[PDB]
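Take a look at the letters that make up each chain.
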Amino acid sequence: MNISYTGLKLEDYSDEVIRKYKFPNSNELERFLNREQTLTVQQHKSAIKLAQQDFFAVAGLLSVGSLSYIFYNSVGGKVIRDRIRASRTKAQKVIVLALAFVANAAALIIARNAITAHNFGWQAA
Amino acid sequence: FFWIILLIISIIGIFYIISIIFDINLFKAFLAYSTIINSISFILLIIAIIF
Amino acid sequence: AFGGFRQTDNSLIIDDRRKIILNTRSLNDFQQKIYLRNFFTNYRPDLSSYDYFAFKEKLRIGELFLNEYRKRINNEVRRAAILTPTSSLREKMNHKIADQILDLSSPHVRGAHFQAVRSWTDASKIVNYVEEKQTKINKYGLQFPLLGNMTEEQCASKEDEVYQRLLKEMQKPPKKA
Amino acid sequence: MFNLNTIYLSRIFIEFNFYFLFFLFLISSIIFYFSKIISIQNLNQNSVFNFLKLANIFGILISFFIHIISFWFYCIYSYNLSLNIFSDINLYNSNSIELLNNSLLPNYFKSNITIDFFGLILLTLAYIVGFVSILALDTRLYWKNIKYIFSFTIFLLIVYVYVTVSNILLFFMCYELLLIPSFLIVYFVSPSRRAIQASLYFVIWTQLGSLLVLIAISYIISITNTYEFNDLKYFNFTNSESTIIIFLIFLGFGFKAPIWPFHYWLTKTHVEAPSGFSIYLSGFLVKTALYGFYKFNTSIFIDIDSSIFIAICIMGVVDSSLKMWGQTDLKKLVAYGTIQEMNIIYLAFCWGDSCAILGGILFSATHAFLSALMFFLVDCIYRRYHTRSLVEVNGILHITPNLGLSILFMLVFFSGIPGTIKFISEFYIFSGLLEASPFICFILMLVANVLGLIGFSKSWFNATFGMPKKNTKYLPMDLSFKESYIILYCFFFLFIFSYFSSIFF
Amino acid sequence: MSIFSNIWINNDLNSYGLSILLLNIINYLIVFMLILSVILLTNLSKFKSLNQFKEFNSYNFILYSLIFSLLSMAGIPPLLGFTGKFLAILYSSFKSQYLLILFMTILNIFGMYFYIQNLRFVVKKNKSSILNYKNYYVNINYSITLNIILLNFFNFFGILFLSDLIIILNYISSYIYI
Amino acid sequence: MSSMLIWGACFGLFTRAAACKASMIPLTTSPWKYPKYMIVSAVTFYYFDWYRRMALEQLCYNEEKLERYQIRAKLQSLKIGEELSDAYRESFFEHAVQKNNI
Amino acid sequence: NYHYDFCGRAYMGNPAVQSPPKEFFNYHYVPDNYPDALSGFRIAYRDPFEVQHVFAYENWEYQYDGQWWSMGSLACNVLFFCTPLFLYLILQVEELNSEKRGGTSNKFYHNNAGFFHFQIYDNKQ
Amino acid sequence: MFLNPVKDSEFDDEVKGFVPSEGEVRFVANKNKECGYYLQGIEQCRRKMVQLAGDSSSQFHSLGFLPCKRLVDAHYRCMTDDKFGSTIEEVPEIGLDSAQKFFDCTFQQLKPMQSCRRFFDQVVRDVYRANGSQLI
Ligand SMILES: CCCCCCCCCCCCCCCCCC(=O)OC[C@H](COP(=O)([O-])OCC(O)COP(=O)([O-])OC[C@@H](COC(=O)CCCCCCCCCCCCCCCCC)OC(=O)CCCCCCCCCCCCCCCCC)OC(=O)CCCCCCCCCCCCCCCCC
Ligand SMILES: CCCCCCCCCCCCCCCCCC(=O)OC[C@H](COP(=O)([O-])OCC(O)COP(=O)([O-])OC[C@@H](COC(=O)CCCCCCCCCCCCCCCCC)OC(=O)CCCCCCCCCCCCCCCCC)OC(=O)CCCCCCCCCCCCCCCCC
Ligand SMILES: CCCCCCCCCCCCCCCCCC(=O)OC[C@H](COP(=O)([O-])OCC(O)COP(=O)([O-])OC[C@@H](COC(=O)CCCCCCCCCCCCCCCCC)OC(=O)CCCCCCCCCCCCCCCCC)OC(=O)CCCCCCCCCCCCCCCCC
Ligand SMILES: CCCCCCCCCCCCCCCCCC(=O)OC[C@H](COP(=O)([O-])OCC(O)COP(=O)([O-])OC[C@@H](COC(=O)CCCCCCCCCCCCCCCCC)OC(=O)CCCCCCCCCCCCCCCCC)OC(=O)CCCCCCCCCCCCCCCCC
Ligand SMILES: CCCCCCCCCCCCCCCCCC(=O)OC[C@H](COP(=O)([O-])OCC[N+](C)(C)C)OC(=O)CCCCCCCCCCCCCCCCC
Ligand SMILES: CCCCCCCCCCCCCCCCCC(=O)OC[C@H](COP(=O)([O-])OCC[N+](C)(C)C)OC(=O)CCCCCCCCCCCCCCCCC
Ligand SMILES: CCCCCCCCCCCCCCCCCC(=O)OC[C@H](COP(=O)([O-])OCC[N+](C)(C)C)OC(=O)CCCCCCCCCCCCCCCCC
Ligand SMILES: CCCCCCCCCCCCCCCC(=O)OC[C@H](COP(=O)(O)O)OC(=O)CCCCCCCCCCCCCCC
Ligand SMILES: Nc1ncnc2c1ncn2[C@@H]1O[C@H](COP(=O)(O)OP(=O)(O)O)[C@@H](O)[C@H]1O
């Protein structure tokens, strides 16, 4: 490989050529080396962590809500279900009604949060 | 010299068995004709290789 | 590595640049690449992959923009019909509006046709028109929420730049004649 | 205001939904294999078949919900990516953002996922049609074919890899994998005895086209050693190679997506297949071919006249429409309707990557839902009235009013009334065809929407109306809640999908 | 083979067609071994006509082993025989033999139906009894079943591991200086 | 995943389970065959993992020699009259004079 | 006008009363099929004429070579046979207008350089 | 890109588009296809040099990007068909400004090659427009 610093002298090259092929600022060199000119690897990692957490929350909530709804409303015919729910205690009725809705709604809200970019610092005027 | 002989043999064999392989009624005949069909296919591959 | 497919034609190829003669059936993979397959398959082959993706998007947006011109002029005609009584309606329409309606016909705007048959020159002109509109918008930074994405620091810098530009434009004197 | 969080959430959701499905399938299969010495149903209330049915149904459903979320994320991501590329005009600035993969799950087949609107539409069709078909096949699976409860999960995984891959070879392999599960379902689950021959016809007819597509793929791979599906931009095929590739691709994918004269297998299979699997076949399995044809023909540069292909598609439409009248069998009539719609869709793809693709995609979606509706109605008729022939079935409305109402509304939707994606797709295709070749457009519209429509409506109206005086001791009752809600959901989708964002259409 | 200032460049591996031929032979032998092991596990006197394919209509392992072996011999994509056929077609395309590809495809499709038609006969009115009786009970051989299971696994998932087999076959053929 | 020994152990376990299911015997029959199958599978697949890489390395080395054969085979395959043509004359002299270093 | 006596070559069922058919193709089911038991599992005896009509078309076949051309009407059969050719010729004549004007032509347009519709194009670090 | 400013513009910044000649487009496309190796080499060598001598304390820190000079000169010669000088420094005055912009893009701002190829192609286009019949 002939592309190396070996054998190169600043005397051979003109001053304008050296200025042209001069290293930029140290900060610019570091950004270019680390590929952090626009976004930092830590920002990417934080975004990925939030994405994974959001997916796990959404999927778990959807599964819980679906299964709870199925098992609570899959006990038999209309008469049987109505009688079972009538004999059901107050707190048991509340959970049976609220668990599936809350799980599904939380999943949908977490989904909506990502597309809605409210946390933007330019809110003014 | 081998290429033309192989091609002629392959063509004749294919056009001769296309109808015979559907005339058998025996398990042994089925096995033998499976071997024959695979042999013809490998002969075509051999022609391609020697090209 | 790219390869080639054996050729059967018995034609002769004369390459004046390299000063050699070949035969179509005798070409190898690299020779096939150099002589055959060297034709262009896009409006602007000179552009890179990223540049041509931008060109394609601008062309699509420009076609939609011309269709938007047609839709806007149609809406204006409806507005004229509702506001103005049938008397004097055609008299007032026989003006800029009618000429624009005719000038935005199918050859110039692809209303519902599958393809707008445009030469590469026409596509370049449409992309240039879209880029001119984009430049005019970006002068004042009207594309932050729509037709653009920027960070908070970028938005602040753009606001300061637009403020300076507006101040300078206002301070400039009126154009003579 | 678009931020990297949305990008990573989109990518993570797309990647992880596949593994959700795969882990569900893996756990269910492990339970099934290791719970019993012999993998057949134990005819008692405590069988593992109930658990497997529950797992399959509510894995498909939950994955469908997650797919809705991921598809919405993709729509936002693609729109904002186009905006990022288009907006900036400064020469120094360029959009070069690089994403780092997660460290939790690996990339299946070491491939970076790439998603498109057409692919996600195809995946959504897979989910919904698979849900309907699995709901249909409950009465068919009994005590030796329970192993086929996982067929739709396998289909979903295959389609997921098919639509989320940027590799030509993986694309082709996913396309070719669909044969085995479908053949096994038709062979072991179909009640009719003619299904045995129908399965062989299906296999041979589809495999001929599969071999054609295989030859085309071999031409592409051997000539261009690349497999990334994007290096083809830097390689140009000569005229002869390009014409051979397009001919092979069109014929091979038209063997699957029925085209004239290659629809004999489709008619046979639809007539003799399970009523629950016919829904899945017509709705989805004929559109993977369209998706593959679109991908290949838009990637390759073709400098040939498409008049021959357009003529083939139009001939198929005309043939199916003319034959609609002479069918007293409702299932065969619906099969001819499927052939007609598929040929129109295929015609929508005969102008390369022009705007016809949007109408083609919308028409593919509407045809999937409409065919599912029609085959489900035929299934209900056949299951409650023990026949699906017009001579033996008459006056459905007067004994089963809900079923007759469903038939009538199905006919209205099939007619293409405004306010339906069917009408929107017809409008797209006909608006393009009017400028492409107005006389051909007139002939196609006339035939399909008058002669074929009248032939289609004759049998359905005759079945719906009349007076059921025969076999009064054996008349059924009505649709069930499951059937009624399936019909309602089909209608609801056909109506409300017209409000989907117009950016992608 | 390209020449650039008397420097030869070879992007083609000559000892590749032989490796593909060896791969096809090995794949056919493996599938033949699978089907013959299924036959040997059972009573041999029952199978004497194509109609007797119904006699394979026995417990799920034998039934589905036969079905998948027949499909693999036919060349259905996911199975083992498809790999050999696809690689033969790929090498033919690489060598630019369109007529050979045409004839290979004709033979392949005809043979495919030839294998497939037996699936029609596999259907049986009842369950067959093709096992030999020993000690008053049917004799099922665990060793042959295990060998059939390994063959079934490789028949199903040959595509996944085919790269290693291709590497080994190319390594073997590279010694030949042709 | 990454350990070929563990992969082979899992393969042997599943092979034993599948063999029991196919034979229609309880999965707990002949329990001693589970560790036997796991060990045999692990060892054989570990050896094959080593062998495939050795074969790949030797194949890469053999391709170097095969390149020499291809270059000389191409020159000898030239049709009569082409060995002294302007497109092959220099290469033919290189292989017939410079490489005649015995 | 169509009557059975004078139709000649436009076949149709005869008006004369006939005895029911003794043998006819019937529904057959796969061995060990699971019965369909919707709505109480009540099956009525099938009418022989109706079953015969159900299975007649599937088994109908041409008796002699070339009967297809003569059956029905020769002119209509030839027109149906040539329909694909007519469609192709109409398409080509229409494409002549497109060529001479400048409108849409029957070709695989390649405006996008292999860029699929709304595809995600990204790179990884 | 491909936009010319309006000389007599009422407001500060106005641009009117133009379409390059088919000959210019063909020349640029052919030369890019032939010389694309040099541009990828420039990118890879830029990254390599930054890694090797990016640190201030490095011995070769005072020779930054000089090894890229040979690649840049080769790319210029390939794009210009060996005419108009054998080095980038010999670029004609018509393309000198675009050459300076390209150098600023590549080595000082360290912008993406997607951006800097625009300026390099602008240099080539300036030369081609200036000469016309000399390049073809
Ligand atoms: C007790 C065993 C427990 C096993 C638990 C799971 C562990 C893995 C399996 C290990 C088994 C080892 C021993 C062999 C047993 C099988 C043979 C036998 O003789 O059994 C007799 C034994 C007893 O006899 P029997 O049950 O009476 O006989 C019935 C017959 O065997 C008939 O039964 P069947 O009809 O159910 O058989 C399956 C049927 C149909 O089976 C299938 O279709 C398999 C579907 C698997 C689900 C996922 C598919 C996803 C596809 C997406 C698209 C990919 C495209 C890639 C490009 C190339 C094309 C693939 O036939 C086929 O498989 C042929 C088609 C093959 C298609 C190729 C698909 C390749 C997918 C590769 C994995 C991708 C993973 C991605 C995610 C991870 C990324 C890092 O049989 C059984 O107990 C049941 C066996 C059923 C199959 C088991 C495996 C299915 C689940 C696989 C999950 C893991 C993925 C696959 C990769 C595995 C590692 C390579
Ligand atoms: C992608 C396409 C791929 C296509 C693949 C096609 C072939 C697939 C199926 C066949 C594969 C071989 C299966 C193993 C041999 C069969 C017998 C056996 O082991 O089961 C009986 C035996 C059953 O034991 P048992 O039920 O307790 O008692 C049985 C009797 O009661 C009492 O038993 P016994 O006392 O009567 O007999 C005891 C003896 C019975 O076993 C035997 O006697 C072996 C019989 C086979 C001999 C030929 C093996 C050749 C292996 C090399 C690769 C070619 C394979 C070709 C196979 C097909 C040939 C037609 O057991 C053993 O010792 C087993 C050792 C097996 C490994 C032998 C390795 C020899 C390597 C020689 C060459 C080395 C490299 C040289 C390089 C030179 C360079 C200059 O097996 C076991 O104990 C473990 C079973 C569960 C794990 C099986 C794991 C199999 C792994 C196969 C790896 C294949 C290569 C890697 C993959 C390549 C593709 C990517
Ligand atoms: C980093 C690596 C990552 C990847 C993983 C890699 C590793 C994967 C493998 C993982 C597993 C490792 C296993 C290590 C030991 C392997 C030994 C070996 O060589 O295997 C082959 C060999 C079996 O093959 P074979 O019997 O020679 O084959 C004959 C043919 O089938 C021919 O059939 P046949 O019909 O002609 O005859 C049938 C057979 C009928 O006979 C049989 O059934 C075979 C014998 C079975 C019983 C053996 C005695 C068990 C009790 C004493 C064990 C030794 C002391 C252990 C002390 C442990 C202290 C911590 O005939 C015979 O008797 C012939 C063989 C003569 C006797 C051979 C005695 C071998 C002893 C091996 C001891 C190994 C452990 C040593 C530990 C030393 C520690 C310092 O030995 C065994 O497998 C022994 C049985 C081990 C499994 C027992 C399973 C049932 C009981 C489970 C109780 C669990 C309680 C705790 C539950 C905790 C959770 C709640
Ligand atoms: C190439 C140059 C073109 C430009 C020049 C000008 C146009 C000249 C065209 C040629 C016209 C003269 C030749 C036609 C002779 C008739 C056809 C024939 O030969 O088949 C055997 C002929 C028909 O056998 P069949 O159809 O099996 O008999 C059925 C039974 O009658 C039982 O019947 P059914 O009671 O069940 O009722 C069914 C009936 C009624 O069926 C229906 O109601 C359903 C609709 C049927 C189609 C009606 C025509 C619709 C428009 C067709 C447009 C085609 C466009 C594509 C082709 C373009 C080619 C440029 O079906 C028929 O129509 C059968 C009658 C014969 C076909 C008549 C219609 C097609 C004739 C060809 C037209 C070509 C037009 C080209 C120009 C187009 C504009 C640019 O057999 C007989 O001879 C028996 C008597 C049939 C009635 C004959 C009435 C007099 C016809 C003129 C006689 C003198 C001809 C002198 C020729 C001199 C040398 C050139
Ligand atoms: C419809 C038939 C029944 C259904 C089965 C389908 C079988 C046919 C499938 C389509 C095959 C392609 C036909 C169109 C070819 C168009 C290009 C062409 O040949 O023009 C001359 C082409 C185009 O030439 P050109 O004039 O356009 O430009 C090049 C001109 N020269 C060379 C002079 C510079 O010329 C050639 O190079 C000859 C190529 C001939 C290739 C014919 C064999 C193809 C083999 C692979 C496919 C085999 C599939 C078999 C499937 C099983 C069948 C049972
Ligand atoms: C320092 C080393 C110390 C080592 C100490 C020794 C450790 C020994 C560990 C033994 C674990 C045994 C687990 C048995 C679980 C049984 C579950 C059950 O009930 O299933 C029955 C089920 C059902 O079987 P069935 O067929 O009887 O079904 C009954 C159900 N009805 C009635 C409906 C039919 O089947 C099974 O799963 C049993 C067979 C599979 C057993 C698999 C054992 C794998 C053991 C792996 C050991 C790995 C060790 C690695 C060491 C590495 C060291 C470096
Ligand atoms: C009820 C109303 C009915 C209305 C009429 C419906 C259609 C009637 C039939 C129209 C025929 C049109 C023929 C001319 C078009 C030829 C297209 C072509 O280029 O094909 C070449 C084709 C091949 O085309 P190709 O595709 O290979 O061309 C190369 C590709 N391009 C063109 C893009 C470069 O060659 C043929 O095989 C043509 C065979 C023609 C056989 C003779 C046909 C005579 C038809 C006479 C009709 C009666 C007179 C007209 C009546 C109407 C007057 C108003
Ligand atoms: C139904 C709940 C769904 C929750 C949403 C995320 C699902 C992710 C897929 C899980 C698949 C099943 C387990 C697989 C185990 C395995 O073998 O997993 C093996 C692999 C290990 O991979 P590696 O070996 O490469 O490290 O597991 C993983 O990679 C990650 C597994 C998922 C981690 C999140 C667990 C969330 C737990 C939620 C508990 C509450 C659920 C309530 C439901 C009613
Ligand atoms: N399948 C049929 N095929 C042909 N003609 C029929 C058929 N059914 C009825 N017809 C006609 O119906 C008429 C007889 O009507 P029908 O209801 O049977 O009362 P009836 O036989 O007592 O006169 C005849 O003209 C007969 O030709």
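Residues numbered from 1 in each chain as written, not as in the entry; some residues may be left out. Chains lettered and ligands numbered in written order. Part of a larger assembly, values for the part shown. Heavy atoms only, no water.

(A) Structural detail: the overall build of chain B. Helix and strand content of chain B: two helices and zero strands. Taking 10 Å as the expected radius of gyration for a compact globule of 51 residues, we find that chain B reaches 12 Å, considerably beyond that expectation. In terms of overall dimensions, chain B has C-alpha extents of about 40 × 15 × 10 Å along its principal axes. Within chain B, the fraction of its 51 residues that count as buried is 45%. Carbon and sulfur atoms make up 78% of the accessible area of chain B, which amounts to about 3,000 Å² in all. (Helix = DSSP H or I, 4+ residues; strand = E, 2+ residues; numbered from the N terminus. Rg over C-alpha atoms; globule rule 2.2 N^0.38 Å. Buried < 20%, exposed > 50% of the residue type's maximum accessible area, 1.4 Å probe, protein only. Areas by Shrake-Rupley, 256 points an atom, 1.4 Å probe, with all protein chains shown as cover.)

(B) Structural detail: the overall build of chain G. Looking only at helices and strands, one finds four helices and one strand in chain G. Order of helices (α) and strands (β) in chain G, N terminus to C terminus: α-α-α-α-β. Computed over C-alpha atoms, the radius of gyration of chain G comes to 28 Å, more than 25% over the 14 Å expected from 2.2 N^0.38 for 125 residues, which places it beyond the range of a compact globule. For chain G, the spread of C-alpha atoms along the principal axes amounts to about 75 × 55 × 30 Å. In chain G, which comprises 125 residues, the share counted as buried stands at 26%. In chain G, 43% of the contacts between residues at least 6 apart in sequence involve partners at least 24 apart. Positive and negative charge centroids in chain G, built from 8 and 13 side chains respectively, lie 9 Å apart. (Contact = heavy atoms within 4.5 Å. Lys, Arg positive; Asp, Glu negative; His and termini not counted. Charge placed at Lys NZ, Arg CZ, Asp CG, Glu CD.)

(C) A look at the packing of aromatic side chains. Taken as a whole and judged by the stated rule, the model has 138 aromatic pairs over all chains. For the pair E:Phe47 and E:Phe56, a centre-to-centre distance of 4.2 Å together with 25° between the ring planes defines the contact as stacked. Accessibility classification places E:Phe47 together with E:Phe56 in one group, the buried group. Judged by centre distance (5.4 Å) and plane angle (65°), the rings of H:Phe102 and H:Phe103 are edge-to-face. Owing to a relative accessible area of 2%, H:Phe103 belongs among the buried residues under this scheme. If you follow A:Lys20 out to its NZ or CZ, it ends over the ring of H:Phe103, 4.2 Å from the centre. (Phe/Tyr/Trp six-rings, centres within 6.5 Å; stacked < 30°, edge-to-face > 60°. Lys NZ or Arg CZ within 6 Å of the ring centre and 35° of its normal.)

(D) Structural view of the pattern of salt bridges. Within this structure, the stated rule accounts for 45 salt bridges over all chains. Between A:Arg35 and D:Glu98 there is a salt bridge whose closest N-O contact spans 3.1 Å. Placement of the pair is A:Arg35 in the loop between helix 2 (26-34) and helix 3 (41-72) and D:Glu98 in strand 1 (residues 98-99), with the two residues belonging to separate chains. According to the relative accessible area criterion, D:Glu98 is partly exposed, its value standing at 23%. Residue D:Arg388 pairs with D:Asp329 through a salt bridge whose shortest N-O separation is 2.5 Å. (Salt bridge = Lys/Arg side-chain N within 4 Å of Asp/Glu carboxyl O.)

(E) Inspection of the interface of chain D and chain G at higher detail. If you look at the interface, chain D gives 84 residues, while chain G gives 57 residues. In this assembly, chain D packs against chain G so that about 6,500 Å² is buried in total across both faces, 57% of it on carbon and sulfur atoms. For the interface between chain D and chain G, the tally reads six salt bridges. The salt bridge involving G:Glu58 is made with D:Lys332; its shortest N-O contact spans 3.8 Å. (Buried area = accessible area lost by both parts, 1.4 Å probe.)

(F) Looking closely at the side chain of D:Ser278. Residue and element names in this part refer to chain D. Among the structural elements, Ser-278 can be located in helix 10 (residues 275-285). Engagement of the side chain of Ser-278 in a polar contact is seen with the side chain of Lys-331, the distance being 3.1 Å. Those residues within four positions of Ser-278 in sequence are excluded, and the remaining contacts are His-270, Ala-273, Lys-331 and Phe-375. (Polar contact = N/O pair within 3.5 Å; in protein donor to acceptor, adjacent residues only side chain to side chain.)

(G) Main features of the site of ligand 7. D:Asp305, G:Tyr88, G:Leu89, G:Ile90, G:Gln92 and G:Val93 make up every residue found near ligand 7. Nearby residues around ligand 7 are contributed by chains D and G. Within the side chain of G:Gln92, an N or O atom sits 3.3 Å from an oxygen atom of ligand 7. Taken by itself ligand 7 offers 1,300 Å² of open surface, and the protein chains cover 26% of this. Classifying every residue of the shell around ligand 7 by side-chain character gives four nonpolar, one polar and one charged. (Near = heavy atom within 4 Å. Nonpolar A, V, L, I, M, F, W, Y, C, P; charged D, E, K, R; others polar.)

(H) Spatial organisation of the site of ligand 8. Taken together, A:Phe56, A:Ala59, A:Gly60, A:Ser63, A:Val64, D:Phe23, D:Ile27, D:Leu104 and D:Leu105 make up all the residues around ligand 8. Nearby residues place ligand 8 at the junction of chains A and D. Protein coverage of the free-state accessible area of ligand 8, which is 960 Å², stands at 41%. At the level of secondary structure, the elements contributing two or more residues to the shell around ligand 8 comprise helix 3 of chain A together with helix 1 (4-35) of chain D. At five residues, helix 3 of chain A tops the list of elements feeding residues into the shell around ligand 8. Residue composition of the shell around ligand 8, grouped by class: seven nonpolar, two polar and no charged.

(I) Broad picture of the packing of helix 14 (residues 356-384) of chain D against helix 16 (residues 421-436) of chain D. Residue and element names in this part refer to chain D. Interhelical geometry of helix 14 versus helix 16 gives an angle of 150° and a closest axis separation of 8 Å. In terms of their interaxial angle, helix 14 and helix 16 are classed as roughly antiparallel. Taken as a pair, helix 14 and helix 16 cross one another with a handedness that is left-handed. Along its contact with helix 14, which presents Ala-356, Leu-358, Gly-359, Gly-360, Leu-362, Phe-363, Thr-366 and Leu-370, the element helix 16 presents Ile-421, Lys-422, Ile-424, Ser-425, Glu-426, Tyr-428 and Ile-429. Taken together, the residues of the contact of helix 14 with helix 16 break down into nine nonpolar, four polar and two charged. (Axes fitted to C-alpha atoms, helices over the stretch in contact; angles between N-to-C directions. Parallel < 35°, antiparallel > 145°, perpendicular 65-115°, else oblique. Left-handed = near helix turned anticlockwise from the far one by under 90°.)

(J) Region of the structure containing the pairing of strand 2 (residues 20-23) of chain C. All names here are of chain C. Pairing between strand 1 (residues 12-15) and strand 2: four bridges, direction antiparallel. Opposite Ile-14, over in strand 2, you have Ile-21 as the bridge partner. Between strand 1 and strand 2, which pair antiparallel one after the other, the connecting turn spans four residues, and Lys-19 there sits at a positive phi close to 60°. (Pairing = 2+ DSSP bridges.)

(K) Inspection of the environment of D:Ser190 at higher detail. Mapped onto the elements, D:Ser190 comes out in the loop between helix 6 (179-189) and helix 7 (195-223). Placed 60 residues apart in sequence, D:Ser190 and D:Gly130 show a C-alpha to C-alpha distance of 17 Å. Excluding residues that lie within four positions of it along the chain, D:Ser190 makes contacts with D:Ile185, D:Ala195, D:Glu272, D:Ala273, D:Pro274 and G:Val30. Reaching out from D:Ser190, the side chain makes a polar contact with the backbone oxygen of D:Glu272 at a distance of 2.5 Å.

(L) Summary view of helix 2 (residues 60-74) of chain E. Residues and elements named next belong to chain E. With 15 residues, helix 2 should cover 21 Å at 1.5 Å per step; its first-to-last C-alpha distance of 21 Å lies within 8% of that length. Of all 15 residues that make up helix 2, 14 are buried, and the element is covered over most of its length. Just downstream of helix 2, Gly-75 is the residue with a positive phi angle, here 115°. (Expected span 1.5 Å × (residues − 1).)

(M) Inspection of the state of the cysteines at higher detail. Residue and element names in this part refer to chain H. Under the definition given, this model contains two disulfides over all chains. Note on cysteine connectivity: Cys-35 is disulfide-linked to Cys-78, with sulfurs 2.0 Å apart. Judged by the sign of its S-S torsion, about -80°, the bond between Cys-35 and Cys-78 is left-handed. In this pair, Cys-35 sits in helix 1 (residues 22-53) while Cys-78 sits in helix 2 (residues 67-80), placing the two residues 43 residues apart along the sequence. (Disulfide = S-S within 2.5 Å.)

(N) Focus on the interface of chain B and chain E. Contacts between the two partners involve 28 residues from chain B and, on the opposite side, 34 residues from chain E. Between chain B and chain E, roughly 2,900 Å² of surface is buried when both sides are summed, and carbon and sulfur atoms account for 81% of that area. In this structure, the connection of chain B to chain E is made through zero salt bridges. Our count for the chain B to chain E interface comes out at five residue pairs in polar contact. Among the elements of the structure, helix 1 (2-20) and helix 2 (27-50) of chain B are those that each provide at least two residues to the side of chain B that touches chain E. Here the side of chain B that touches chain E gets 16 residues from one element, more than from any other, and that element is helix 2 of chain B. Here the residues of the side of chain B that touches chain E sort into 23 nonpolar, five polar and no charged.

(O) Inspection of a positive patch on the surface at higher detail. A cluster of basic side chains, namely F:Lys65, F:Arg68, F:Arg72 and F:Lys99, defines a positive patch on the protein surface. A residue is classified by how much of its surface remains accessible, and F:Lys65, at 43% relative accessible area, is partly exposed. (Patch = residues over 30% accessible without salt bridge, like charges linked within 9 Å, V, L, I, M, F, W, Y side chains within 5 Å.)

(P) Representation of a nonpolar patch on the surface in the model. Taken together, the side chains of D:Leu322, D:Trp325, D:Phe439, D:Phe442, D:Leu446, D:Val450, D:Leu451, D:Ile454 and G:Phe80 define a hydrophobic patch exposed on the protein surface, amounting to about 870 Å² of accessible area. Examining the composition of the nonpolar patch, we find that six residues originate from one element, helix 17 (residues 438-464) of chain D, more than from any other. Mapped onto the fold, D:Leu451 is located in helix 17. Residue D:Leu451 is classed as partly exposed on the basis of its relative accessible area of 42%.

(Q) Geometry of the nonpolar core. Membership of the largest hydrophobic core comes to 334 residues, with the highest contact counts inside it found for D:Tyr74, D:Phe117, D:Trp351, D:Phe456, D:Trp460, E:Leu71 and E:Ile76. Broken down by element, the residue count for this core peaks at 19 residues, all from helix 14 of chain D. Setting aside anything within four residues of it in sequence, one finds D:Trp351 in contact with C:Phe114, D:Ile310, D:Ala356, D:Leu433, D:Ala436, G:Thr104, G:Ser105, G:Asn106, G:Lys107, G:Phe108 and G:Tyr109. Judged by nonpolar contacts, the second largest core, of 46 residues, contains A:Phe32, H:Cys78, H:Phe84 and H:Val123. (Core = buried A, V, L, I, M, F, W, Y, C linked by side-chain atoms within 4.5 Å.)

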